[PDB]
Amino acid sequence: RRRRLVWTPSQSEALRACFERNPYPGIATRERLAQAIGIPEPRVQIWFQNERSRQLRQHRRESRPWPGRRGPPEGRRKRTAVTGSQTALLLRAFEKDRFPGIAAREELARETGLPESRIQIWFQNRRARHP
């Protein structure tokens, strides 16, 4: 294959500069840049491709639609204590059916005083950890 080039500091700076003017340059701009900084234009296009590539992937990763968040997370749910009597009953259900529908689910709530919400999270976690 071909012999990897090495950019001088002022070569890199010039590229970096033009990339912020527009990152989709036509052959004119590229050709002018190639002469100005002293390197063949095909090399310059391939640098523009990979800078685009790099910046696009790094943005998909880290950027978000909404204006970040200034401060600390809001209050999480305080950890329910599930009683030995509750636990026992939930297990019995889990041994028979591991995917209760809302009918069986809302039934296990009445029997344990837990909210159906938490019944579901219990079976979710239970499945993840005892296949």
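Numbers for residues come from their place in the sequence shown, where the first is 1.
- Averaged over CA atoms, B-factors in the entry run higher in 76-84 than in the other of 76-84 and 49-57.
- Per the PDB record, of the two stretches 66-74 and 86-94, 66-74 carries the greater mean B-factor over its C-alpha atoms.
- Comparing C-alpha B-factors across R21, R16, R110, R118 in the deposited entry, the largest value falls on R110.
- For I37, the recorded CA temperature factor ranks within the middle third of the chain's modelled residues.
- When the modelled residues of the chain are ordered by C-alpha B-factor, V44 sits in the lowest third.
- Among the modelled residues of the chain, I27 sits in the lowest third by CA temperature factor in this PDB entry.
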